[PDB]
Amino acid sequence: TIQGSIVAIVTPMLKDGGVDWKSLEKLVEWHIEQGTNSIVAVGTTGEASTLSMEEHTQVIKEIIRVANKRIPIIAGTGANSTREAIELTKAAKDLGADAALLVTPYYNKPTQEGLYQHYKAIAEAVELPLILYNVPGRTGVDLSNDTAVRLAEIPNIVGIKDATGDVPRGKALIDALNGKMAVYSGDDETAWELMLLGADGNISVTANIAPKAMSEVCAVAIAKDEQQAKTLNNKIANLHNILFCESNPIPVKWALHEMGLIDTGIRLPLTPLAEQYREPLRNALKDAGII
(Lines of atoms letter the chains of each structure in order from A and count residues from 1; the text may use other names and numbers.)
(Lines give C-alpha, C1' and ligand atoms only; values in the text may rest on other atoms or scores of the structure.)
Protein backbone atom coordinates (compact mmCIF):
# COMPACT_ATOMS: atom_id res chain seq x y z
CA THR A 1 0.00 0.00 0.00
CA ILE A 2 2.52 2.85 0.91
CA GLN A 3 3.93 4.21 -2.40
CA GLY A 4 5.91 7.05 -3.89
CA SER A 5 8.45 9.34 -2.19
CA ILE A 6 8.88 8.40 1.48
CA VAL A 7 11.27 10.86 3.22
CA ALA A 8 13.71 9.41 5.81
CA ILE A 9 13.17 12.57 7.86
CA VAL A 10 15.97 14.16 9.96
CA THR A 11 15.24 14.95 13.61
CA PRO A 12 15.87 18.78 13.81
CA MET A 13 17.89 19.69 16.96
CA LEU A 14 18.77 22.92 18.76
CA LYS A 15 22.50 23.69 19.18
CA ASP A 16 22.66 21.83 22.52
CA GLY A 17 21.24 18.71 20.94
CA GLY A 18 17.65 19.04 22.27
CA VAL A 19 14.92 18.11 19.71
CA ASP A 20 13.75 21.20 17.94
CA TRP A 21 9.96 20.66 18.01
CA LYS A 22 9.10 23.92 16.26
CA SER A 23 11.35 23.17 13.30
CA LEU A 24 10.16 19.60 13.09
CA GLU A 25 6.51 20.68 12.92
CA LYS A 26 7.39 23.11 10.15
CA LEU A 27 9.34 20.47 8.25
CA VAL A 28 6.49 18.00 8.32
CA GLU A 29 4.10 20.70 7.07
CA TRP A 30 6.54 21.58 4.24
CA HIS A 31 6.84 17.91 3.20
CA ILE A 32 3.07 17.57 3.03
CA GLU A 33 2.74 20.83 0.91
CA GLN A 34 5.60 19.84 -1.42
CA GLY A 35 4.30 16.39 -2.32
CA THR A 36 6.12 13.89 -0.02
CA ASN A 37 3.94 10.79 0.16
CA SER A 38 4.98 9.40 3.49
CA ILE A 39 7.46 10.07 6.31
CA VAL A 40 9.72 7.58 8.16
CA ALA A 41 10.06 9.00 11.68
CA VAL A 42 13.22 8.25 13.76
CA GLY A 43 15.06 5.93 11.20
CA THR A 44 18.87 6.22 10.58
CA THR A 45 18.55 9.69 8.99
CA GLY A 46 16.47 10.73 12.05
CA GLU A 47 19.29 9.68 14.42
CA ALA A 48 17.41 6.81 16.03
CA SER A 49 20.71 5.74 17.59
CA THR A 50 21.15 8.82 19.87
CA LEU A 51 17.51 9.59 20.74
CA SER A 52 16.29 8.01 24.02
CA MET A 53 13.25 5.69 24.04
CA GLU A 54 11.10 8.64 25.27
CA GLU A 55 12.51 10.87 22.53
CA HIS A 56 11.62 8.11 19.88
CA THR A 57 8.07 8.04 21.24
CA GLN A 58 7.77 11.83 21.29
CA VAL A 59 9.17 12.36 17.73
CA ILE A 60 6.82 9.72 16.33
CA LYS A 61 3.91 11.24 18.32
CA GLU A 62 4.64 14.73 17.03
CA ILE A 63 5.03 13.74 13.40
CA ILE A 64 1.70 11.83 13.53
CA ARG A 65 0.07 14.80 15.24
CA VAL A 66 1.23 17.38 12.68
CA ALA A 67 0.53 15.05 9.69
CA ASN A 68 -3.10 14.76 10.96
CA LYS A 69 -3.87 11.75 8.78
CA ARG A 70 -2.85 13.47 5.48
CA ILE A 71 -0.06 10.97 4.70
CA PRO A 72 0.94 7.62 6.28
CA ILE A 73 3.70 7.76 8.91
CA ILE A 74 6.19 4.86 9.23
CA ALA A 75 8.01 4.53 12.53
CA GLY A 76 11.64 3.35 12.63
CA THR A 77 11.59 0.65 15.35
CA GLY A 78 14.68 -1.46 14.59
CA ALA A 79 16.94 -2.78 17.31
CA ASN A 80 19.61 -5.42 17.43
CA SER A 81 17.75 -7.15 20.24
CA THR A 82 14.53 -8.98 19.24
CA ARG A 83 12.98 -8.17 22.61
CA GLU A 84 13.75 -4.49 22.18
CA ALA A 85 12.51 -4.40 18.54
CA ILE A 86 9.24 -5.83 19.88
CA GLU A 87 8.82 -3.16 22.54
CA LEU A 88 9.64 -0.37 20.02
CA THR A 89 7.29 -1.82 17.42
CA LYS A 90 4.49 -2.20 19.96
CA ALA A 91 4.94 1.40 21.05
CA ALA A 92 4.74 2.60 17.45
CA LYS A 93 1.52 0.56 16.96
CA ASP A 94 0.01 2.21 20.03
CA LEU A 95 0.98 5.69 18.87
CA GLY A 96 -1.07 5.03 15.76
CA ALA A 97 1.88 4.63 13.25
CA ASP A 98 0.79 3.15 9.87
CA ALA A 99 3.77 0.84 9.63
CA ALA A 100 7.17 0.20 11.20
CA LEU A 101 10.57 0.13 9.51
CA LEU A 102 13.02 -2.40 11.05
CA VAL A 103 16.67 -2.42 10.05
CA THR A 104 18.31 -5.90 10.35
CA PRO A 105 20.10 -6.32 13.75
CA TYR A 106 23.44 -4.57 13.46
CA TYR A 107 26.79 -5.35 15.10
CA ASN A 108 25.84 -8.77 16.48
CA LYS A 109 25.62 -10.46 13.02
CA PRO A 110 22.79 -12.97 13.34
CA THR A 111 22.60 -15.89 10.88
CA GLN A 112 20.01 -15.86 8.07
CA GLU A 113 17.85 -18.14 10.19
CA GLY A 114 18.33 -15.76 13.14
CA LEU A 115 17.14 -12.87 10.88
CA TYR A 116 14.13 -14.96 9.94
CA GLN A 117 13.29 -15.80 13.55
CA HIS A 118 13.83 -12.17 14.70
CA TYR A 119 11.39 -10.77 12.16
CA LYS A 120 8.89 -13.55 12.58
CA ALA A 121 8.89 -13.02 16.40
CA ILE A 122 8.16 -9.32 15.89
CA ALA A 123 5.42 -10.01 13.21
CA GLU A 124 3.79 -12.49 15.59
CA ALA A 125 4.00 -10.15 18.56
CA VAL A 126 2.65 -6.92 17.06
CA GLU A 127 -0.20 -6.59 14.60
CA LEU A 128 1.28 -3.82 12.46
CA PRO A 129 2.60 -3.75 8.91
CA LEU A 130 6.38 -4.20 9.01
CA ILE A 131 8.96 -3.16 6.53
CA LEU A 132 12.33 -5.01 6.54
CA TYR A 133 15.42 -2.88 5.93
CA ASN A 134 18.73 -4.22 4.61
CA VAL A 135 21.86 -1.92 4.63
CA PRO A 136 24.79 -4.35 4.91
CA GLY A 137 27.53 -1.62 4.89
CA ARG A 138 26.19 -0.24 8.18
CA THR A 139 25.04 -3.41 9.94
CA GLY A 140 27.58 -6.10 9.29
CA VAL A 141 24.84 -8.38 7.94
CA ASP A 142 23.26 -8.98 4.60
CA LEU A 143 19.56 -10.20 4.59
CA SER A 144 19.73 -12.29 1.42
CA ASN A 145 17.03 -12.15 -1.28
CA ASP A 146 16.26 -15.86 -0.35
CA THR A 147 15.57 -14.87 3.29
CA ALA A 148 13.53 -11.84 2.21
CA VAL A 149 11.37 -14.11 -0.05
CA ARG A 150 10.82 -16.45 2.89
CA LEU A 151 9.84 -13.57 5.24
CA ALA A 152 7.36 -12.17 2.69
CA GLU A 153 5.27 -15.29 3.54
CA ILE A 154 4.84 -14.08 7.19
CA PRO A 155 1.68 -12.19 7.96
CA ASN A 156 2.44 -8.50 8.79
CA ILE A 157 5.68 -8.44 6.85
CA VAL A 158 4.69 -6.13 4.02
CA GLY A 159 7.93 -4.89 2.39
CA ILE A 160 11.68 -4.39 2.43
CA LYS A 161 13.81 -1.29 2.01
CA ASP A 162 16.71 -2.50 -0.14
CA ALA A 163 19.67 -0.14 0.38
CA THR A 164 22.22 -2.32 -1.48
CA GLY A 165 22.09 0.01 -4.54
CA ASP A 166 22.61 -3.23 -6.52
CA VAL A 167 19.94 -2.88 -9.25
CA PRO A 168 20.28 -6.42 -10.81
CA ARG A 169 19.87 -7.84 -7.29
CA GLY A 170 16.87 -5.64 -6.47
CA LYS A 171 15.24 -6.61 -9.85
CA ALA A 172 15.87 -10.27 -9.01
CA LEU A 173 14.12 -9.73 -5.64
CA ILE A 174 11.13 -7.95 -7.13
CA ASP A 175 10.76 -10.73 -9.78
CA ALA A 176 11.01 -13.53 -7.18
CA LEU A 177 8.48 -11.88 -4.93
CA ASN A 178 5.89 -11.49 -7.67
CA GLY A 179 3.89 -9.00 -5.58
CA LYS A 180 3.90 -10.87 -2.28
CA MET A 181 5.48 -7.87 -0.56
CA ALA A 182 6.67 -4.35 -1.55
CA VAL A 183 10.30 -3.39 -2.38
CA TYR A 184 11.44 0.16 -1.66
CA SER A 185 14.75 1.57 -2.79
CA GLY A 186 17.06 2.72 0.08
CA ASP A 187 19.60 4.09 -2.40
CA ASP A 188 18.71 7.54 -3.87
CA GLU A 189 21.41 7.20 -6.61
CA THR A 190 19.61 4.21 -8.19
CA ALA A 191 16.03 4.59 -6.81
CA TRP A 192 14.58 5.89 -10.07
CA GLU A 193 15.80 2.69 -11.86
CA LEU A 194 14.42 0.37 -9.09
CA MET A 195 11.06 2.10 -9.35
CA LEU A 196 11.05 1.71 -13.11
CA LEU A 197 11.71 -2.00 -12.41
CA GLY A 198 8.67 -2.32 -10.07
CA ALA A 199 9.78 -0.95 -6.69
CA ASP A 200 6.93 0.70 -4.80
CA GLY A 201 8.81 3.82 -3.78
CA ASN A 202 12.03 5.33 -2.47
CA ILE A 203 12.69 5.79 1.27
CA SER A 204 14.81 8.72 0.50
CA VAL A 205 17.53 10.97 2.02
CA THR A 206 17.51 13.42 -0.88
CA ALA A 207 13.76 14.00 -0.41
CA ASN A 208 14.67 15.87 2.79
CA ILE A 209 15.95 18.79 0.73
CA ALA A 210 14.21 18.29 -2.66
CA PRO A 211 10.78 16.87 -1.61
CA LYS A 212 8.88 18.23 -4.58
CA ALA A 213 11.55 16.95 -7.06
CA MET A 214 11.75 13.49 -5.50
CA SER A 215 7.93 13.22 -5.38
CA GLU A 216 7.93 13.84 -9.12
CA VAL A 217 10.70 11.37 -9.81
CA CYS A 218 8.84 8.70 -7.87
CA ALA A 219 5.45 9.39 -9.59
CA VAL A 220 6.97 9.15 -13.09
CA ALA A 221 9.07 6.12 -12.29
CA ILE A 222 6.16 4.23 -10.69
CA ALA A 223 4.18 5.13 -13.80
CA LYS A 224 6.97 3.43 -15.85
CA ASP A 225 7.91 6.55 -17.80
CA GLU A 226 11.57 5.82 -18.32
CA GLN A 227 12.49 9.04 -20.11
CA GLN A 228 10.78 11.31 -17.61
CA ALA A 229 12.30 9.36 -14.71
CA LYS A 230 15.79 9.75 -16.25
CA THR A 231 15.34 13.45 -17.03
CA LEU A 232 13.88 14.41 -13.64
CA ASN A 233 16.36 12.32 -11.72
CA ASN A 234 19.26 13.84 -13.66
CA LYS A 235 18.40 17.35 -12.24
CA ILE A 236 18.99 16.11 -8.68
CA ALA A 237 21.58 13.35 -9.37
CA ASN A 238 24.45 15.38 -7.96
CA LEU A 239 22.51 15.84 -4.72
CA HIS A 240 22.30 12.04 -4.28
CA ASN A 241 26.15 11.94 -4.33
CA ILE A 242 26.93 14.99 -2.21
CA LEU A 243 24.53 13.95 0.63
CA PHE A 244 26.91 11.08 1.47
CA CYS A 245 30.27 13.03 1.36
CA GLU A 246 30.27 12.21 5.08
CA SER A 247 28.04 9.60 6.66
CA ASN A 248 24.32 10.45 6.40
CA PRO A 249 22.63 12.32 8.09
CA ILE A 250 25.68 14.56 8.58
CA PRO A 251 25.48 16.27 5.19
CA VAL A 252 21.71 16.40 4.90
CA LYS A 253 21.38 18.07 8.24
CA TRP A 254 23.98 20.72 7.10
CA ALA A 255 22.03 21.17 3.81
CA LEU A 256 18.80 21.87 5.73
CA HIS A 257 20.64 24.38 7.99
CA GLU A 258 21.95 26.15 4.81
CA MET A 259 18.30 26.23 3.57
CA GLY A 260 17.35 27.99 6.83
CA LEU A 261 15.07 25.19 7.89
CA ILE A 262 16.88 23.71 10.91
CA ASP A 263 19.58 24.66 13.38
CA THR A 264 23.01 22.91 13.65
CA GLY A 265 22.30 20.35 16.44
CA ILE A 266 23.45 16.80 15.78
CA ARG A 267 24.37 14.21 18.47
CA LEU A 268 27.78 12.68 19.21
CA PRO A 269 29.24 10.46 17.84
CA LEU A 270 27.91 12.31 14.80
CA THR A 271 29.33 15.77 14.09
CA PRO A 272 28.28 18.79 12.04
CA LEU A 273 29.51 18.49 8.51
CA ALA A 274 33.25 19.25 8.35
CA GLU A 275 33.95 22.86 7.46
CA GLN A 276 35.66 22.02 4.15
CA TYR A 277 32.57 20.39 2.73
CA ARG A 278 30.14 23.28 3.42
CA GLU A 279 31.04 25.44 0.37
CA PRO A 280 30.89 22.48 -2.10
CA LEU A 281 27.50 21.54 -0.52
CA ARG A 282 26.22 25.10 -0.86
CA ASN A 283 27.32 25.10 -4.53
CA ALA A 284 25.42 21.85 -5.19
CA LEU A 285 22.26 23.31 -3.57
CA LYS A 286 22.63 26.46 -5.65
CA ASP A 287 23.16 24.45 -8.86
CA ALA A 288 20.04 22.40 -8.05
CA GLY A 289 17.94 25.57 -7.59
CA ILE A 290 17.23 24.75 -3.92
CA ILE A 291 18.89 27.87 -2.51
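From 1 onward, residues are counted along the sequence shown.
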property	result
Residue stretch of maximal mean CA temperature factor, 38-46 vs 240-248	240-248
Stretch with the greater mean C-alpha B-factor as recorded in the entry, comparing 186-194 against 88-96	88-96
Ranked C-alpha temperature factor of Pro12 among modelled chain residues, by third	middle
Third assignment of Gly140 from its chain's C-alpha B-factors	lowest
Position of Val126 among the chain's modelled residues by C-alpha B-factor, lowest, middle or highest third	highest
Chain third (lowest, middle, highest) by recorded CA B-factor, residue given as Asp146	middle
Within-chain third of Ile266 by Cα B-factor, per the entry	middle
